[PDB]
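Quick notes on the structure that follows.
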Protein chains: 10
Amino acid sequence: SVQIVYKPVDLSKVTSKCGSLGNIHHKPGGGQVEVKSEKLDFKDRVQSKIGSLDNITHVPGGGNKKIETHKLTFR
Amino acid sequence: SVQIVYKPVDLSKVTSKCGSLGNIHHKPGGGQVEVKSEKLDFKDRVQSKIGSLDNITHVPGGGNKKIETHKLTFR
Amino acid sequence: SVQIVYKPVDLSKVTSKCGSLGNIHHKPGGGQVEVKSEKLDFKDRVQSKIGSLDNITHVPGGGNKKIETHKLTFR
Amino acid sequence: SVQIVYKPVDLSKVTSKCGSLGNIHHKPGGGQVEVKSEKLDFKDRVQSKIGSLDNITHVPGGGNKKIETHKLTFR
Amino acid sequence: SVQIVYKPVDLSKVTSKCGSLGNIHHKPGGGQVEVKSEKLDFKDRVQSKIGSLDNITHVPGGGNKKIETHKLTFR
Amino acid sequence: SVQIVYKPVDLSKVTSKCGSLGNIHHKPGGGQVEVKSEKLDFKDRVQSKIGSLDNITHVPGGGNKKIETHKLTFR
Amino acid sequence: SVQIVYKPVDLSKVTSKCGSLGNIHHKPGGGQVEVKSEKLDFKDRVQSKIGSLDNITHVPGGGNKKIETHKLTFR
Amino acid sequence: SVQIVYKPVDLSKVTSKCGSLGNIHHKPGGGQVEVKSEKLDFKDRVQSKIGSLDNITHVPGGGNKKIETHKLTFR
Amino acid sequence: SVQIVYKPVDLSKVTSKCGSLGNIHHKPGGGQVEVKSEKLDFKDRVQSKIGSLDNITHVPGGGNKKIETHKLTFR
Amino acid sequence: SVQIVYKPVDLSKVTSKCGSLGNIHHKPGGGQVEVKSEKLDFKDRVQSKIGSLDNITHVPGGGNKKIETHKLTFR
Ligand SMILES: O=C(O[C@@H]1Cc2c(O)cc(O)cc2O[C@@H]1c1cc(O)c(O)c(O)c1)c1cc(O)c(O)c(O)c1
Ligand SMILES: O=C(O[C@@H]1Cc2c(O)cc(O)cc2O[C@@H]1c1cc(O)c(O)c(O)c1)c1cc(O)c(O)c(O)c1
Ligand SMILES: O=C(O[C@@H]1Cc2c(O)cc(O)cc2O[C@@H]1c1cc(O)c(O)c(O)c1)c1cc(O)c(O)c(O)c1
Ligand SMILES: O=C(O[C@@H]1Cc2c(O)cc(O)cc2O[C@@H]1c1cc(O)c(O)c(O)c1)c1cc(O)c(O)c(O)c1
Ligand SMILES: O=C(O[C@@H]1Cc2c(O)cc(O)cc2O[C@@H]1c1cc(O)c(O)c(O)c1)c1cc(O)c(O)c(O)c1
Ligand SMILES: O=C(O[C@@H]1Cc2c(O)cc(O)cc2O[C@@H]1c1cc(O)c(O)c(O)c1)c1cc(O)c(O)c(O)c1
Ligand SMILES: O=C(O[C@@H]1Cc2c(O)cc(O)cc2O[C@@H]1c1cc(O)c(O)c(O)c1)c1cc(O)c(O)c(O)c1
Ligand SMILES: O=C(O[C@@H]1Cc2c(O)cc(O)cc2O[C@@H]1c1cc(O)c(O)c(O)c1)c1cc(O)c(O)c(O)c1
Ligand SMILES: O=C(O[C@@H]1Cc2c(O)cc(O)cc2O[C@@H]1c1cc(O)c(O)c(O)c1)c1cc(O)c(O)c(O)c1
Ligand SMILES: O=C(O[C@@H]1Cc2c(O)cc(O)cc2O[C@@H]1c1cc(O)c(O)c(O)c1)c1cc(O)c(O)c(O)c1
């Protein structure tokens, strides 16, 4: 006799009031990357960037991340 | 006889009032990266950046992160 | 007979009033990175940046992080 | 017979009134990093930056971190 | 017969009134770092920066950190 | 009665023995030039470079400059 | 009665024996130049570089400059 | 009656024996120059560099400068 | 009756024996120059560098400067 | 009756025996120069460096300077 009463009430007013974004000027200059290898070995679970020269402008009008994880385990 | 009454009440007014973003000027100059290896070996769970020259401008109108983790375990 | 009455009441007025962001000028100059290795070996759980030359401008209109972890365990 | 009455009431007016951010000027000059290794071995749980030359400007309109951890354990 | 009546009432007016941020000028000059190793071995739980030349300007309109940890254990 | 006997004897063994030029590697990195004016006025004899970002590699197998000026004047 | 006997004998063994030039590696990093003016006025004889960011590698196998000036004047 | 017997004998063994130039490595780092003016006025004979950020590698296999000036004047 | 017998005999064994130049490593770090003016006025004969940030490596296999000036004047 | 017998005999064995130049390592660090003026006025004969931040490595395999000046004047 195991009885679980699971009642989460989530009330979130996750909200942004954001006016004008204005003037945004991005001038990334030029660079040089020189990288040398011979053998690469890797097995299972890999996120890798090798010699990545990049410009990333991620401007969202609202950045809202809500993460809820619920784990219930009986062995 | 195990009885669990799980009643979280979450009331969050996560909210931002943000006016004009104004003038943002980003001029990243140019650099040089020289890196040398021969053999790389790695096995399981890897996030790696090697020789990464980059410019990242992450401007959100609102940055709101809400993380809730609920774990209930009976062995 | 184990009985758990779990009643958290979370009332958070996490809120920012932020006016104009004004003038932001970022000029990162150019540098030089020289790094040399031969063999790298690593096994399980790795976040690594090697020779990373980068410019990161993270300006959110509001920076709000709410983290709640609830763990209930009966062995 | 173990009975737990868990009633946290959290009322937080975590709030910032912040006017104009004004003029912010960042000019990072250029430097030189030279680092040499031969073999690196490490096993489990690693966050590492090696030879990282970088500029980070993290200006949030509001910096609010609320962390609550609740652990209840019966063996 | 163990009975726990857990009633924290947290009322926090964590609040900042902050006017104009004014003129902030940061000019980090250029330096030189030379570091040499041959073999690095480390096992479990490591946060390490090796040869990290960097400029970090973290200006939040409000810096508010609220940390509450509640641990209840019956063996 | 003005009599000029002008007898220059120029014997120059201007000579270079130069072997192999070897390996020459030029990597000019990227820079940024910002220059502002409104009105420029200049009159006669002008060699001017304004805002000139350039790479010049002038490698001659032999650099020999012989300049002879002979001026004879009777008023 | 003015009589000029002008007899220069120039014997110059201007000569270089230069072997192999070897390995020459030039990595100029990236810089930033910001210069502001409004009105420039200049009249006659001007060699000027304004805001010139440049890399110049002038490697001659032989650098030989011979300059002879002969001026004879009767008023 | 003015008589000039002008007999210079110039015997110069201006000579260099120079072996291998070896390994030359030049890494100029990145800098920042900020200069401001409003009005510039200058008249006649001007060699000027304003805000010039530059790298100059002048390696000649032989550097030989011979300068001879001969002036003869009767008023 | 003015008679000039001008007989210079110049015998110069200006000579260098120079072996291998070896390993030359130049890493100039990054600096910052800020200079402000409003009006500049100058007239005749000017060599001027203003706000010049530069790296100059002048390595000649032989540095030989021979300067001879001969002036003969009758008024 | 003025008679000039001008007979200089110059025998110079200006000579250098110089072996290997060896290892030369130059790492100039980064500095900061801030200089302010308003009006500059200067007239005739000027060599001037203002706010000049620079690195100069002048290594000649032989440094030989021979300067001879001969002036003969009859008024
Ligand atoms: O804000 C910058 O000024 C803009 C240009 C400018 C000029 O040339 C001469 C002058 O008398 C005034 C002037 O005001 C301009 C301006 C731009 C705006 O976005 C703004 O909101 C403002 O009030 C006024 C700016 C932006 C730039 O991107 C830039 O590179 C820079 O050097 C300057
Ligand atoms: O704020 C900077 O001034 C802008 C340009 C400028 C000028 O050229 C001459 C002058 O008399 C005034 C002047 O005001 C300009 C300006 C820009 C603005 O965004 C702003 O809000 C303001 O009030 C007024 C600025 C921005 C820049 O990006 C920059 O590189 C710089 O050097 C300066
Ligand atoms: O605040 C800086 O002044 C701006 C330029 C400028 C000028 O050129 C000459 C002058 O008489 C006044 C003057 O005021 C300008 C200005 C910019 C502003 O953003 C601002 O709010 C202001 O009141 C007034 C500034 C910004 C810069 O980015 C910069 O590099 C610098 O050197 C200066
Ligand atoms: O605050 C700086 O002055 C700005 C430029 C400037 C000038 O050139 C000549 C002068 O008579 C006055 C003058 O006031 C300018 C100014 C800028 C402002 O942001 C501001 O609020 C102000 O009241 C007035 C400043 C900023 C800079 O970034 C900088 O590098 C510097 O040297 C100075
Ligand atoms: O506060 C600095 O003065 C600014 C420039 C300046 C000048 O050039 C000549 C002068 O007669 C006055 C003068 O006032 C300027 C100024 C800037 C301000 O931000 C400010 O609030 C103010 O009242 C007045 C300053 C900032 C700088 O960044 C700096 O490097 C410096 O040397 C000085
Ligand atoms: O001289 C450089 O070495 C070259 C590359 C290299 C290497 O990768 C690993 C190694 O065990 C030896 C090695 O010898 C190479 C080499 C190049 C030559 O031109 C050379 O005359 C020589 O004897 C031998 C060099 C040049 C480069 O351009 C460079 O960027 C660098 O880092 C190094
Ligand atoms: O001289 C450079 O080495 C070349 C490449 C190389 C390599 O990859 C691995 C290695 O074991 C040896 C190696 O010798 C190469 C080489 C190139 C030559 O021109 C040369 O005369 C020589 O002897 C030998 C060089 C040139 C490059 O352009 C360069 O960018 C660099 O990093 C290096
Ligand atoms: O002379 C540099 O070494 C080269 C590379 C290298 C290496 O990687 C590992 C190693 O065990 C030895 C090694 O000898 C290389 C080498 C290059 C030559 O040009 C050379 O004449 C020589 O004898 C031998 C050099 C050049 C570079 O350009 C450089 O950036 C650097 O860090 C080093
Ligand atoms: O002379 C430098 O060593 C080179 C590289 C190197 C190394 O990596 C590990 C090692 O056991 C030995 C070693 O000898 C290399 C080397 C390069 C030569 O040019 C050379 O004549 C020599 O005898 C031998 C050098 C050059 C560089 O440019 C540099 O930046 C540096 O840190 C060092
Ligand atoms: O002379 C430097 O040593 C080189 C590198 C090196 C090393 O890494 C580990 C080691 O056991 C020995 C070692 O000998 C290298 C070396 C370089 C030569 O040019 C050389 O003639 C020599 O005999 C031997 C040097 C040069 C550098 O440029 C430098 O920055 C530095 O820190 C050192």
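Read-outs: derived from the displayed coordinates by stated rules, not from any lab. Using ideal geometry, Cβ is built from the backbone for each residue, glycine included, and neighbour counts are taken over all protein chains shown.
Report whether or not C:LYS13 is more than 24 Å from the chain's Cα centre (by Cα) and away from ligand 2 (no atom under 16 Å from the Cβ).
Values: more than 24 Å from the chain's Cα centre (by Cα): no; away from ligand 2 (no atom under 16 Å from the Cβ): yes.
Here the answer is no, as C:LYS13 does not meet what is asked.
Considering each residue of segment H:59-72, count those that are touching a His at 6+ places or on another chain (Cβ under 9 Å), of a type outside the set (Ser, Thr, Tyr) and surrounded by fewer than 22 Cβ atoms within 10 Å (Cβ to Cβ), and give that number.
Residues in segment H:59-72 being touching a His at 6+ places or on another chain (Cβ under 9 Å), of a type outside the set (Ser, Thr, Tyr) and surrounded by fewer than 22 Cβ atoms within 10 Å (Cβ to Cβ): 1 in total.
Have a look at J:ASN55, J:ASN64 and point out the one that is among the polar types (S, T, N, Q) and under 22 Å from H:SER52 (Cα atoms).
Values: J:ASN64 fails: under 22 Å from H:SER52 (Cα atoms).
Sole residue among the options that is among the polar types (S, T, N, Q) and under 22 Å from H:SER52 (Cα atoms): J:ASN55.
I'm trying to understand the selection: among the residues of segment B:16-39, which are under 26 Å from the mean Cα position of the chain (by Cα) and within 16 Å of ligand 7 (Cβ to nearest atom)?
B:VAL33 - this is the single residue of segment B:16-39 that is under 26 Å from the mean Cα position of the chain (by Cα) and within 16 Å of ligand 7 (Cβ to nearest atom).
Going through segment C:1-21 one residue at a time, which ones are closer than 30 Å to E:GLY63 by Cα and either out of contact with any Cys (no Cβ under 9 Å at 6 or more places or on another chain) or in a loop (DSSP other than H, G, I, E, B) (or both)?
C:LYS7, C:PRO8, C:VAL9, C:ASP10, C:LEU11, C:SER12, C:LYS13, C:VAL14, C:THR15, C:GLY19, C:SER20, C:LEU21
How many residues are farther than 30 Å from D:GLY63 by Cα and under 18 Å from the mean Cα position of the chain (by Cα) when one looks only at segment E:40-70?
Looking only at that region, the number is 0.
What is the one condition in (1) free of Cβ contacts under 8 Å to residues at least 40 places away in the same chain; (2) in contact with a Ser or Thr (Cβ under 6 Å, 6 or more places away or on another chain) that A:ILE67 does not satisfy?
Condition (2) is where A:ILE67 drops out.
Given the condition of a type in the set (A, V, I, L, M, F, W, C), out of contact with any helix residue (DSSP H, G or I) (no Cβ under 7 Å at 6 or more places or on another chain) and away from ligand 9 (no atom under 16 Å from the Cβ), answer yes or no: does some residue in segment E:25-38 qualify?
To start, the set of residues in segment E:25-38 that are of a type in the set (A, V, I, L, M, F, W, C) comprises E:33, E:35.
Remaining after also requiring out of contact with any helix residue (DSSP H, G or I) (no Cβ under 7 Å at 6 or more places or on another chain): E:33, E:35.
After this cut, where a residue has to be away from ligand 9 (no atom under 16 Å from the Cβ) as well, the list is none.
No, every residue in segment E:25-38 fails to be of a type in the set (A, V, I, L, M, F, W, C), out of contact with any helix residue (DSSP H, G or I) (no Cβ under 7 Å at 6 or more places or on another chain) and away from ligand 9 (no atom under 16 Å from the Cβ).
Quickly run through segment J:22-62 and pick out the residues that are touching a residue at least 24 places away in the same chain (Cβ under 8 Å) and assigned to a strand (DSSP E or B).
J:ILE24, J:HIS26, J:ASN55, J:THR57
Condition first: touching a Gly at 6+ places or on another chain (Cβ under 7 Å), more than 22 Å from J:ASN64 (Cα to Cα), away from ligand 8 (no atom under 16 Å from the Cβ) and of a type in the set (A, V, I, L, M, F, W, C). Can you find one or more residues in segment J:10-27 that meet it?
No: zero hits.
Spot the failing condition for E:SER1; the list is (1) of a type in the set (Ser, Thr, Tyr); (2) under 23 Å from the mean Cα position of the chain (by Cα); (3) surrounded by fewer than 11 Cβ atoms within 10 Å (Cβ to Cβ), and only one is missed.
The failed condition is (2).
Mind listing whichever residues of segment D:19-58 are within 14 Å of chain H (Cβ to nearest Cβ), within 16 Å of ligand 10 (Cβ to nearest atom) and surrounded by fewer than 22 Cβ atoms within 10 Å (Cβ to Cβ)?
D:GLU34
Quick one: in segment H:1-21, which of the residues that are touching a residue at least 12 places away in the same chain (Cβ under 8 Å) and under 30 Å from H:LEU72 (Cβ atoms) is nearest to ligand 9 (Cβ to nearest atom)?
Result: H:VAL14.
Determine whether I:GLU68 is within 16 Å of ligand 3 (Cβ to nearest atom), in a strand (DSSP E or B) and out of contact with any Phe, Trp or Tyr (no Cβ under 8 Å at 6 or more places or on another chain). Walk me through how you get there before you give the answer.
Details: within 16 Å of ligand 3 (Cβ to nearest atom): no; in a strand (DSSP E or B): yes; out of contact with any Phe, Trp or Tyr (no Cβ under 8 Å at 6 or more places or on another chain): yes.
Against the criterion (within 16 Å of ligand 3 (Cβ to nearest atom), in a strand (DSSP E or B) and out of contact with any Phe, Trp or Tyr (no Cβ under 8 Å at 6 or more places or on another chain)), I:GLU68 does not qualify.
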